[PDB]
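Visitor: Below are the structure tokens for one structure; questions will follow.
Derivation of every value follows stated rules applied to the coordinates shown; laboratory data play no part. Cβ sites come from the backbone with ideal geometry, for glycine too, and all protein chains shown count toward neighbours.
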Amino acid sequence: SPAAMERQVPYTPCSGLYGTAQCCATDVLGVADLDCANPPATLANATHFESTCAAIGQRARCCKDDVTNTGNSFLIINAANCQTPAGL
């Protein structure tokens, strides 16, 4: 039972470098860039957004360019630009 219904553990995935968590959908053969789209929701923890991405077969990543842009949603970026969070 959620006896911790009154306690909420804070969990922030990536900050400063990318500051934006999301799922990067890799390509098939023409790999080079991954379609990463910002997932609007309250990431309860790591296993939460880690699975939210793996749902379709993706993974939790962190990229840039989605900080200085209020409209940070869908972007076209390099796979290297999105580095997996440490400890994930």
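Visitor: From (1) free of Cβ contacts under 8 Å to residues at least 12 places away in the same chain; (2) in contact with a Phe, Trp or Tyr (Cβ under 9 Å, 6 or more places away or on another chain), pick out the condition that doesn't hold for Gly30.
Guide: (2)
Visitor: Residues in the range 20-28: is at least one touching a strand residue (DSSP E or B) at 6+ places or on another chain (Cβ under 6 Å), of a type outside the set (A, V, I, L, M) and surrounded by fewer than 18 Cβ atoms within 10 Å (Cβ to Cβ)?
Guide: So far as the range 20-28 goes, yes, one or more of its residues are touching a strand residue (DSSP E or B) at 6+ places or on another chain (Cβ under 6 Å), of a type outside the set (A, V, I, L, M) and surrounded by fewer than 18 Cβ atoms within 10 Å (Cβ to Cβ).
Visitor: Something else: Taking only the range 63-87 into account, find how many residues are out of contact with any strand residue (DSSP E or B) (no Cβ under 6 Å at 6 or more places or on another chain) and under 21 Å from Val9 (Cα atoms).
Guide: The number of residues fulfilling the criteria is 2.
Visitor: Taking only pairs six or more apart or across chains, which ones have beta-carbon atoms under 8 Å, a first residue in the range 1-17 that is at positive phi, and a second residue that is of a type outside the set (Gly, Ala, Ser) and part of a loop (DSSP other than H, G, I, E, B)?
Guide: Every condition considered, the pairs that remain are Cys14/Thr20; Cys14/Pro85.
Visitor: Of all residues in the range 30-44 being in a loop (DSSP other than H, G, I, E, B), under 18 Å from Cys14 (Cα atoms) and hydrophobic (A, V, I, L, M, F, W, C), which is farthest from the chain's Cα centre (by Cα)?
Guide: The extreme case among them is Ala44.
Visitor: Pull up the range 45-88, narrow it to residues that are of a type in the set (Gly, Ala, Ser) and in a loop (DSSP other than H, G, I, E, B), then point me to the one that is surrounded by the most Cβ atoms within 10 Å (Cβ to Cβ).
Guide: Of everything passing the filter in the range 45-88, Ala79 is surrounded by the most Cβ atoms within 10 Å (Cβ to Cβ).
Visitor: Something else: Looking at the range 20-62, which of the residues that are touching an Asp or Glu at 6+ places or on another chain (Cβ under 8 Å) and of a type in the set (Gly, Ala, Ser) is farthest from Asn78 (Cα to Cα)?
Guide: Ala60
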